[PDB]
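Q: I'd like to ask some things about the structure below.
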Amino acid sequence: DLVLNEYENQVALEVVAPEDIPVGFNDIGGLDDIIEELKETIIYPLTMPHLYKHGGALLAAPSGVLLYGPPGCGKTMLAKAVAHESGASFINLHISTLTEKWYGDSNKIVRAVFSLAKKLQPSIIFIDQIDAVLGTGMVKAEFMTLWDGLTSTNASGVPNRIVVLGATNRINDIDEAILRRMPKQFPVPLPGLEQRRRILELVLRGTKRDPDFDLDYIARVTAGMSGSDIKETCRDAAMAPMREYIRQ
Amino acid sequence: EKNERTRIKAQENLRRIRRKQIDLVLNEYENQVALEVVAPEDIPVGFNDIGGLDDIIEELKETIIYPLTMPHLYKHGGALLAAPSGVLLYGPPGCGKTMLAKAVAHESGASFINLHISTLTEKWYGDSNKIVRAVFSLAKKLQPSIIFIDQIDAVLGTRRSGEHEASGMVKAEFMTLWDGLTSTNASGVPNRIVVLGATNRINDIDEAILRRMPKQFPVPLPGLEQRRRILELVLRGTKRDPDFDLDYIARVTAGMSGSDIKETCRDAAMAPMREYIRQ
Amino acid sequence: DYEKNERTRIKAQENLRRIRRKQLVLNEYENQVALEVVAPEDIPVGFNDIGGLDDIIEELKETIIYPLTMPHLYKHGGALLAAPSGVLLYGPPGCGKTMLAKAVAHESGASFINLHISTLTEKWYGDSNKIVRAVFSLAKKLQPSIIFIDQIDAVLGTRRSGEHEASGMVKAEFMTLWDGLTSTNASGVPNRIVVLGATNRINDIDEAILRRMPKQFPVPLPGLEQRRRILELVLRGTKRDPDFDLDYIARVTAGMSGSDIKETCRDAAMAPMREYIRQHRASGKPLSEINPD
Amino acid sequence: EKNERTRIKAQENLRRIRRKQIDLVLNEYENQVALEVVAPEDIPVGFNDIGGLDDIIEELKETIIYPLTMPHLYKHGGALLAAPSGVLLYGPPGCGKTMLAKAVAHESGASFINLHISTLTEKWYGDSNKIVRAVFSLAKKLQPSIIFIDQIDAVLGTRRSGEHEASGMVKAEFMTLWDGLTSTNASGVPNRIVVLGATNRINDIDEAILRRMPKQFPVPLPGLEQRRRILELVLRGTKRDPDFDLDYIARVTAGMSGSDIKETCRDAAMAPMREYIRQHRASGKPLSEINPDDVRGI
Amino acid sequence: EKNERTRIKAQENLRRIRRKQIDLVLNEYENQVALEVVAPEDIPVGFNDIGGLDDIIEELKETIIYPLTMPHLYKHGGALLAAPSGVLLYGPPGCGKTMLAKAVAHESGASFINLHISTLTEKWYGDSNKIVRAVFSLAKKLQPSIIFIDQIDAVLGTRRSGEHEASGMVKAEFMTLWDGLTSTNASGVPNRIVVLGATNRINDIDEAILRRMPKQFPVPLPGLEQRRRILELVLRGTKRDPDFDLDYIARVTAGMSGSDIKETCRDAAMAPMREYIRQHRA
Amino acid sequence: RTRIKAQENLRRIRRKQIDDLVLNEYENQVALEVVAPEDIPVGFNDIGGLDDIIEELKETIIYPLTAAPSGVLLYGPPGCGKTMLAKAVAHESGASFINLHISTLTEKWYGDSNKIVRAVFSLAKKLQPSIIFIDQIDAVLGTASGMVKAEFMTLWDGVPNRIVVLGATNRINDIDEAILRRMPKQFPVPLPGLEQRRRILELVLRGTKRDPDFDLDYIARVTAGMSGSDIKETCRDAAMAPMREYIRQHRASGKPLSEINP
Ligand SMILES: Nc1ncnc2c1ncn2[C@@H]1O[C@H](COP(=O)(O)OP(=O)(O)OP(=O)(O)O)[C@@H](O)[C@H]1O
Ligand SMILES: Nc1ncnc2c1ncn2[C@@H]1O[C@H](COP(=O)(O)OP(=O)(O)OP(=O)(O)O)[C@@H](O)[C@H]1O
Ligand SMILES: Nc1ncnc2c1ncn2[C@@H]1O[C@H](COP(=O)(O)OP(=O)(O)OP(=O)(O)O)[C@@H](O)[C@H]1O
Ligand SMILES: Nc1ncnc2c1ncn2[C@@H]1O[C@H](COP(=O)(O)OP(=O)(O)OP(=O)(O)O)[C@@H](O)[C@H]1O
Ligand SMILES: Nc1ncnc2c1ncn2[C@@H]1O[C@H](COP(=O)(O)OP(=O)(O)OP(=O)(O)O)[C@@H](O)[C@H]1O
Ligand SMILES: [Mg+2]
Ligand SMILES: [Mg+2]
Ligand SMILES: [Mg+2]
Ligand SMILES: [Mg+2]
Ligand SMILES: [Mg+2]
């Protein structure tokens, strides 16, 4: 919905609009201090800075949020929520898109993604499964150049008010030169015995649960699985009383 | 095709009109590296804004900048007192090796240009070498020419036998333009152009480029005095509570490289701000 | 697609006129290399600005640069007594490899041309090979000529059995149009062309190209003796103390190449200028010291 | 465009007038390839100038030049006793290969042609395939003709999936014209055209093309006899016999190629000239006489 | 551009007349794709001189080359029982597939056209495609016909991103005029055209063109029974000297290509001709 | 040019009459391609047992042309019935089905490469309804060529005139991402299923007698892998078996005169 340089556009297809996102904060599972710190520091000053611009040149938003934990949707719901809550175009990266066909295609794509994130909207960049930047090669040094360099600060002295979330299952092998520029790092433990109660309450909104017992033992039934199979078991025990109801 | 060329020419012409006076012709390739000429009044951080490190602020000025800009003082020595043909800033990530580049581009008028790694890598066979040539030719036509390459250990590197061809002959044209046959002038003038580059590890940049960058300034972690300077410098416009003292934060901060200091200080600046939301 | 043609042709014509007046009809592609002929007046350094390479300079001059200029003196063994196909200046980086090229292009007398490796590689298919033949055609027209390709190891190389196509052809074109079916003449004169190249990585150029340039001069680091003359060559203009032991400087380094010595001399000469500028004196002044460190 | 093509056509017409002597009609494509017809008076190295390898010369002559040129003696044989499709001269770099093609151009008198690989690859699209068809449309208009492609490892070679798509056609147009549908005549003559290809990397030469050139002559480095013969041949023009002992130099040179023996002869042949110049530099101006002497090389 | 145009038109008129006679006016633009119309008599090889290959040589003669030539005896069927449009002839190099193409052009009966790769690739923009239209329109003007693209792996090929879009347009033009919207007639005849192919490798020709030509006959390496006949069928005029045990060379060759078996035979055939070196002696 | 305009007049008259207006010569060349309705042999029933995608066609694209969206892309892999579906559409459309023949677009002149596309759009708008079917649109509309590509979708957005364009590319995710979303509907043409393969077999085996081989029910059990064209090729190879055997038996003697027995 703006002027096109074409190379970056090979990225505009991934630019999710800030509206019509399924975020709906009440639906997310039990996560209090994580959402608290995000809504206080990453998205609160990311918009309406006039309630926040009392101190200039230092109250920008921290350009990097690292979400590390077990494999699951815990590192996805908050990321999708940040964009819809900040009036933010969720410009996903789609890491496999950075694969090399031309000699400098990945380099130009990494340039265009930051160019669009600076020009299009200050919303966020999302790098899921961060392993392209390990720490052991052109694109790796291309990130840290465009991230915080000569063109990062504007004439007013404030940064480009852009955030780049960090999604990865691994830690402490993430190219520490890049880990340095992801200030706010959040350990998100997907397995939760109390958050699972809230997530099951969210799931059972439309599901009929008259005969089955009150939602207590569900908080310990799949105690082993953290967040994924619980999302898959939403229909496991759901249709179980539903086969006989559909046939007759 | 032609429309894109004319549009890039309009960009370069406007950029030269805005940069020259605080217009010259160009070919197809330096017409693209001409979009990297950084205006000095754009980066709002100079030598007065970097803290802790002062000798590097001292060595970058009299040994490099003054020999480059207004060298008429350095005319007593004809060819030997010219400016150092290259500079490199190496150290652990977190210090201000890229922040020094901002100060050099802001508080030293030298026709600063920074070529990104994307400007060098090109799809078509041979365009990368021509881009390097265009860079070193614009650096001559426009020649205080403090060229910058951030993370120079990536576009350059210790070449192996099985290195990619397109990256193995752009390291060669780069060197051939840097101190090649046509480097000096007719009267012996060394053609003042400094290639300032940052890097986290001077271990695989090259064995023939490290000789080219003699002024290699290591940027170590700030000490007990440098941390105090950085704290007193980054809290200029922030709230000043009468109770806390900076020496406590500086003494407790053992490591915490300058970027880490800035981060842990920005995080501390949320104590009074969050309380206003409780209304 | 024509104005660039006119610009390149006028530049090539002016450059060739300059080289000719120092003492003619080119096609579309010979103009691309015609604007790279380096004139002797342009290069300021001669052979007298190289220290310690007096032994290598003799074998690089009397054997390849003066069977090639005035070959009338070498008329008895006209077949054998010709300029070799090329010199390979190989060695660790920072010692005379490009200084010797400068000296040859200045005080050679031959139609020197700097190749500017970007000129070899063109985006269009079948264009690098056209330039590779145009450069040798221009060298034959500029006979005698001394082609120079700094850092041979980039454009050339062991040809990587599965690798790029155009770069494989542009590298297989030197092999064809430099000692090929039409290198010699009707009498035996091999075109009086020498392709001199300076690379800091020997045994990576080619197995079939190291047979082409037979004269390969190793350029090592200076020793205890010729550093004493490299220091003298570098410190030729700076007014000095009546006594500073250059024996100490030449004997203490012991492991630094030519550029590493030039940098030390630069710092030692920058010391007094900085010490004088520290006195907040705006205008120039012709007096200072040279005291060693 | 016409102003340049007219001069081109005039130049190739002059070249063909010089070559054909003891007025063809040419289109634009195989016209510019007429600049490469190498006259026999332009290569002063016959088969009496290469020594050592003789079976390669013998088999080369009596299996190509006698079949290719002078076919009337091979007429009654049929289709078998005819010139082979092509020839591959392979081996280490710097021994005999390019110097065998020189003798075939000077000695065969069979309308030799030097391909000049760059002329194949044209910048425009579908202009390299036209030149590939043109080199065979001109090889047969002045048959017999020997098509020489020096260093057949880049323009040809193992076809891959990730080709340029512009060299894959020149790599396929060539083999479609050189052993294709309309090569043989109405009677069954295979065009009397030979493609001699010299290279040093045989295992990357488009193996489907290796079926085209059957006569593959290995050109190895010289031995105890070939080294001495190359020494005798390269040192012809030199007053070298005060106490010359070439039997010793032939054994000293262990395994260097034929061209390295030549460079050694060069370095050992101009040493006395350097000595004479250094002795005469004391006084006078160089007016060198015929009195140096060759004694011992390195 | 007209005098050379007149030369092209005159030469193509002569060629088309000599092919047809063993009347039609062109548009001067398909006037150069008709220059590859191979004559019937200028191909010295036929079907009776192909030893070894017998299943392929019969499948061509029965199911491809002869639903087309003399098709009136297939009128009992409808859309089926027609000549299948497309042949591949894939196999290793030098095993005798261009020889099969020669034999088909010599003893087929349809107007064989030896369409090269250059005649399809034109320098000007949007002109190579119209040359494709000219090729298929010429095949449709007289429609007993067998188009032949030798080595179909470069002019065709698996299309990638970019890769000279004006070239992928040519493949799209091929497979659009192949069986597009105007392939059949009002009755249902499949245009009466068959395109013969040839290629050392079928792995990247296409996924669409790979099925455009249904019959993909593999020509393998000659075995014992095939080499034992090729080695005897290559020796037509060579005077067989006495005591020549043919069975020895047939087995000692040990699975050699179809052309290398020709070279090994030419060597022995020219051995005595070269031994006739007495004339030099005298 | 006069011959071109004359042939165009004849073809457009034979199309329209089943009232003609002469127009510009540069707009006169594309009008040499107005295919007649009785020229195509195939009908809807000739297509196999798909009868769902063809249902969507007959329910949405042909009703407004008797509004209809602009842009109908075919999706199936090679050999599934894309060109067959487009042929049935051209035969029973009722509009004036005008193809392209992509070479008609690409002219080797500066001011003709887009004049021809403007001519195509002007002819489609002059007589209504119409269809601008482009065989394998992944070639003329890809990722002067730029002028044509831009010229196309600029004239794309032009009662909304009742023009509908239909593309029949055989490849997805490599085709005209700009104009891809601009055309609303895209119809995936999958491979034949059980009932689908049964319909293909029962429709192809129409002229030949009912005993070419064992039976048709058994043959439609192993055709799950092959596409819609390979099944036709296997069917025709099977049909050639009786004719092959009869001709081989007749080769012994007599003149090969046609007979009505396998
Ligand atoms: N000495 C200092 N004084 C003031 N601020 C500093 C200092 N050192 C670091 N900083 C702060 O930390 C950040 C330094 O980022 P910089 O561009 O130097 O990273 P970098 O050195 O390029 O990282 P890398 O070495 O991994 O490339 C800046 O935002 C700056 O405000
Ligand atoms: N023998 C010498 N005498 C005088 N100066 C020297 C000598 N060797 C090196 N230098 C100095 O080094 C610089 C030139 O370096 P040079 O071009 O020889 O390096 P190089 O061998 O080309 O390295 P590379 O091949 O990696 O480019 C000059 O500024 C010159 O003053
Ligand atoms: N048999 C020989 N007799 C005399 N001189 C020879 C012989 N073989 C090689 N030479 C010498 O070698 C040089 C030519 O080498 P040649 O052309 O054979 O190498 P090449 O095969 O072209 O190598 P490449 O193809 O790898 O470049 C000449 O200078 C010639 O004097
Ligand atoms: N059945 C055969 N009878 C006689 N000669 C054969 C036969 N098969 C192959 N040959 C020989 O093979 C040679 C070339 O065969 P052909 O041209 O048909 O293969 P090809 O099409 O060139 O293969 P490719 O093009 O894949 O390399 C001919 O000279 C011919 O003598
Ligand atoms: N459902 C079906 N019913 C009847 N015939 C079918 C069916 N599907 C495919 N066919 C057969 O497929 C053949 C036509 O193939 P088609 O034209 O659909 O390929 P295409 O997809 O257009 O090719 P491309 O993928 O290259 O565009 C016809 O002979 C037709 O009989
Ligand atoms: Mg940095
Ligand atoms: Mg150098
Ligand atoms: Mg050679
Ligand atoms: Mg063949
Ligand atoms: Mg189709």
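Residues are named by chain letter and number: chains run A, B, ... in the order of the structure tokens, numbers start at 1 in each chain, and ligands are numbered from 1 in the order shown.
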Which residues of chain E come within 7 Å of chain F, and for each one, what is the closest pair of atoms and their distance in Å to one decimal, counting only C-alpha atoms, sorted by chain and residue number, as a Markdown table?
A:
```
| residue | atom | partner | partner_atom | distance |
| --- | --- | --- | --- | --- |
| E:73 | CA | F:258 | CA | 5.4 |
| E:77 | CA | F:207 | CA | 5.7 |
| E:78 | CA | F:207 | CA | 5.8 |
| E:80 | CA | F:236 | CA | 5.7 |
| E:81 | CA | F:240 | CA | 6.2 |
| E:124 | CA | F:108 | CA | 6.3 |
| E:125 | CA | F:108 | CA | 5.2 |
| E:126 | CA | F:106 | CA | 4.5 |
| E:127 | CA | F:108 | CA | 6.5 |
| E:129 | CA | F:103 | CA | 5.3 |
| E:130 | CA | F:103 | CA | 5.1 |
| E:168 | CA | F:139 | CA | 6.7 |
| E:169 | CA | F:139 | CA | 5.4 |
| E:172 | CA | F:139 | CA | 6.4 |
| E:176 | CA | F:135 | CA | 6.4 |
| E:180 | CA | F:83 | CA | 6.5 |
| E:181 | CA | F:87 | CA | 5.9 |
| E:185 | CA | F:39 | CA | 6.9 |
| E:186 | CA | F:39 | CA | 4.8 |
| E:187 | CA | F:41 | CA | 6.2 |
| E:188 | CA | F:41 | CA | 6.1 |
| E:208 | CA | F:78 | CA | 5.7 |
| E:214 | CA | F:233 | CA | 6.9 |
```
Q: I want to know what sits within 9 Å of residue 93 of chain E, based on only C-alpha atoms, with residues of the same chain fewer than 2 positions away left out; could you give that as a VMD selection string?
A: (chain D and resid 207 to 209 211) or (chain E and resid 91 95 to 97 199 to 201 257 to 259)
Q: With C-alpha atoms retained, could you export that selection as a PDB file, in the first residue's frame?
A:
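Here's the written file result_12.pdb:
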```
ATOM      1  CA  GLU D 207      31.563 -37.229 -23.148  1.00  0.00           C
ATOM      2  CA  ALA D 208      28.790 -37.241 -25.751  1.00  0.00           C
ATOM      3  CA  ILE D 209      31.263 -35.167 -27.789  1.00  0.00           C
ATOM      4  CA  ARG D 211      32.030 -40.070 -29.213  1.00  0.00           C
TER       5      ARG D 211
ATOM      6  CA  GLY E  91      19.487 -43.059 -24.758  1.00  0.00           C
ATOM      7  CA  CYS E  95      24.023 -45.716 -29.807  1.00  0.00           C
ATOM      8  CA  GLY E  96      22.187 -44.937 -33.047  1.00  0.00           C
ATOM      9  CA  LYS E  97      19.233 -42.568 -32.611  1.00  0.00           C
ATOM     10  CA  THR E 199      18.261 -36.458 -26.634  1.00  0.00           C
ATOM     11  CA  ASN E 200      21.059 -38.118 -24.693  1.00  0.00           C
ATOM     12  CA  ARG E 201      19.170 -37.493 -21.445  1.00  0.00           C
ATOM     13  CA  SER E 257      28.748 -48.016 -27.975  1.00  0.00           C
ATOM     14  CA  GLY E 258      27.143 -47.959 -31.413  1.00  0.00           C
ATOM     15  CA  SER E 259      29.767 -45.583 -32.830  1.00  0.00           C
TER      16      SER E 259
END
```
Q: Could you name the residues that touch residue 117 of chain E at 12 Å or less, counting only C-alpha atoms, but leaving out those on the same chain fewer than 3 positions away, as a PyMOL selection string?
A: (chain D and resi 126-133+166+168-177+180) or (chain E and resi 33+36+114+120-122+128+131-132+148-156+167+170)
Q: Could you save those same residues with N, CA and C atoms as a compact mmCIF listing (two decimals), in the first residue's frame?
A:
```
# COMPACT_ATOMS: atom_id res chain seq x y z
N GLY D 126 20.61 -15.96 -29.49
CA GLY D 126 20.53 -16.70 -30.74
C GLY D 126 21.53 -16.24 -31.77
N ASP D 127 22.62 -15.62 -31.34
CA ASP D 127 23.68 -15.21 -32.25
C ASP D 127 24.93 -16.06 -32.09
N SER D 128 25.02 -16.85 -31.02
CA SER D 128 26.08 -17.85 -30.89
C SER D 128 25.73 -19.13 -31.64
N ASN D 129 24.46 -19.54 -31.58
CA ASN D 129 24.03 -20.70 -32.36
C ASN D 129 24.17 -20.44 -33.85
N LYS D 130 23.90 -19.21 -34.28
CA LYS D 130 24.09 -18.87 -35.69
C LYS D 130 25.55 -19.01 -36.09
N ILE D 131 26.47 -18.59 -35.22
CA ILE D 131 27.89 -18.73 -35.55
C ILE D 131 28.30 -20.20 -35.51
N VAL D 132 27.68 -21.00 -34.64
CA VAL D 132 27.99 -22.42 -34.60
C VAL D 132 27.54 -23.10 -35.89
N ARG D 133 26.35 -22.77 -36.36
CA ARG D 133 25.91 -23.28 -37.66
C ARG D 133 26.78 -22.73 -38.79
N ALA D 166 22.25 -20.45 -22.54
CA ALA D 166 22.80 -19.88 -23.75
C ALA D 166 24.04 -20.61 -24.24
N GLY D 168 24.26 -23.93 -23.35
CA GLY D 168 23.75 -25.27 -23.57
C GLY D 168 23.33 -25.50 -25.01
N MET D 169 22.91 -24.44 -25.69
CA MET D 169 22.55 -24.56 -27.10
C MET D 169 23.78 -24.59 -27.99
N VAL D 170 24.74 -23.70 -27.75
CA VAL D 170 26.01 -23.75 -28.48
C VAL D 170 26.71 -25.07 -28.24
N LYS D 171 26.54 -25.64 -27.04
CA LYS D 171 27.09 -26.95 -26.74
C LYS D 171 26.30 -28.07 -27.40
N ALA D 172 25.06 -27.80 -27.81
CA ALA D 172 24.20 -28.79 -28.45
C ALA D 172 24.05 -28.50 -29.94
N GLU D 173 24.02 -27.23 -30.34
CA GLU D 173 24.01 -26.91 -31.77
C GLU D 173 25.24 -27.46 -32.47
N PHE D 174 26.40 -27.37 -31.82
CA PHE D 174 27.63 -27.92 -32.37
C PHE D 174 27.54 -29.40 -32.70
N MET D 175 27.12 -30.21 -31.73
CA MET D 175 26.99 -31.64 -31.94
C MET D 175 25.79 -32.01 -32.80
N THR D 176 24.81 -31.13 -32.94
CA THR D 176 23.71 -31.38 -33.86
C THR D 176 24.12 -31.14 -35.31
N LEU D 177 25.08 -30.24 -35.53
CA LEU D 177 25.58 -29.99 -36.88
C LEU D 177 26.75 -30.88 -37.27
N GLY D 180 25.06 -34.72 -37.13
CA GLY D 180 23.62 -34.61 -37.10
C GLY D 180 22.92 -35.35 -38.22
N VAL E 33 11.81 -21.33 -42.11
CA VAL E 33 11.69 -22.61 -41.42
C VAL E 33 11.46 -23.75 -42.39
N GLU E 36 14.68 -26.21 -43.82
CA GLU E 36 15.11 -27.45 -43.20
C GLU E 36 14.29 -28.65 -43.65
N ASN E 114 13.96 -30.83 -40.76
CA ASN E 114 15.07 -30.95 -39.83
C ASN E 114 15.25 -29.61 -39.11
N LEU E 120 15.16 -21.58 -34.54
CA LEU E 120 14.13 -21.25 -33.56
C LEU E 120 14.54 -20.05 -32.72
N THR E 121 15.83 -19.89 -32.44
CA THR E 121 16.33 -18.79 -31.62
C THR E 121 16.70 -17.63 -32.54
N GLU E 122 15.90 -16.57 -32.50
CA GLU E 122 16.15 -15.39 -33.31
C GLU E 122 16.60 -14.23 -32.43
N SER E 128 11.36 -15.09 -32.27
CA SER E 128 11.54 -16.53 -32.15
C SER E 128 10.21 -17.25 -31.97
N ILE E 131 8.44 -17.51 -35.15
CA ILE E 131 9.07 -18.57 -35.92
C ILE E 131 8.51 -19.93 -35.51
N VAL E 132 8.17 -20.10 -34.24
CA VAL E 132 7.52 -21.33 -33.80
C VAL E 132 6.15 -21.47 -34.46
N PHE E 148 11.28 -32.53 -36.40
CA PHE E 148 12.41 -33.18 -35.74
C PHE E 148 13.31 -32.13 -35.12
N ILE E 149 13.45 -32.19 -33.80
CA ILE E 149 14.39 -31.36 -33.06
C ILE E 149 15.44 -32.31 -32.51
N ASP E 150 16.65 -32.25 -33.07
CA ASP E 150 17.72 -33.12 -32.60
C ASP E 150 18.29 -32.55 -31.31
N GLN E 151 18.55 -33.43 -30.35
CA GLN E 151 19.05 -33.01 -29.04
C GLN E 151 18.06 -32.08 -28.35
N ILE E 152 16.88 -32.59 -28.00
CA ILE E 152 15.90 -31.75 -27.31
C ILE E 152 16.21 -31.77 -25.82
N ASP E 153 17.19 -30.98 -25.42
CA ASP E 153 17.41 -30.68 -24.02
C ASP E 153 17.87 -29.24 -23.81
N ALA E 154 18.08 -28.48 -24.88
CA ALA E 154 18.49 -27.08 -24.80
C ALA E 154 17.41 -26.15 -25.32
N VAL E 155 16.91 -26.40 -26.53
CA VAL E 155 15.78 -25.61 -27.04
C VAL E 155 14.57 -25.79 -26.13
N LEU E 156 14.34 -27.01 -25.66
CA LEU E 156 13.41 -27.25 -24.57
C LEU E 156 14.22 -27.43 -23.28
N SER E 167 13.09 -16.90 -23.90
CA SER E 167 13.34 -18.29 -24.23
C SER E 167 12.28 -19.24 -23.70
N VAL E 170 9.42 -19.43 -25.84
CA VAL E 170 9.50 -20.34 -26.98
C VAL E 170 8.99 -21.72 -26.60
```
Q: With only C-alpha atoms as the atoms that count, which of C:125, C:263, C:221, C:104 lies nearest to chain E?
A: C:125
Q: Quick one: of B:9, B:116, B:227, B:160, who's nearest to chain A, counting only C-alpha atoms?
A: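 Smallest distance to chain A is found for B:116.
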Q: Which chain A residues have any atom within 7 Å of an atom of ligand 6, and for each, what is the nearest pair of atoms with distance in Å to one decimal, counting only C-alpha atoms and all ligand atoms, rows sorted by chain and number, as a Markdown table?
A:
```
| residue | atom | partner | partner_atom_place_in_ligand_line | distance |
| --- | --- | --- | --- | --- |
| A:144 | CA | ligand 6 | 1 (Mg) | 6.1 |
| A:145 | CA | ligand 6 | 1 (Mg) | 5.4 |
| A:148 | CA | ligand 6 | 1 (Mg) | 6.0 |
| A:149 | CA | ligand 6 | 1 (Mg) | 5.2 |
```
Q: At a cut-off of 7 Å and counting only C-alpha atoms and all ligand atoms, what residues surround ligand 3? Please answer as a PyMOL selection string.
A: (chain C and resi 175+179-180+208) or (chain D and resi 49-53+92-99+151+198-200+230+233-234+258-259+262)
Q: I need the residue nearest ligand 2 from this list: C:102, C:212, C:164, C:116. Use only C-alpha atoms and all ligand atoms for the distance.
A: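 When distances to ligand 2 are compared using only C-alpha atoms and all ligand atoms, the smallest one comes from C:102.
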Q: If we count only C-alpha atoms, what is near residue 236 of chain E at a cut-off of 9 Å, once residues fewer than 5 positions away on the same chain are taken out, given as a VMD selection string?
A: chain D and resid 78 to 80
Q: Give me every strand (DSSP E or B) residue in segment 28-253 of chain F, going by DSSP on the backbone, as a PyMOL selection string.
A: chain F and resi 34+72-74+96-98+130-131+134+163-164+166-167+185-187
Q: Output the neighbourhood of ligand 1 as a list in words, that is, all protein and nucleic acid residues with some atom at most 7 Å from the ligand, counting only C-alpha atoms and all ligand atoms.
A: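 The residues near ligand 1 are residues 144, 148, 149, 177 and 178 of chain A; 49, 50, 51, 52, 53, 91, 92, 93, 94, 95, 96, 97, 98, 99, 151, 198, 199, 200, 230, 233, 234, 258, 259 and 262 of chain B.
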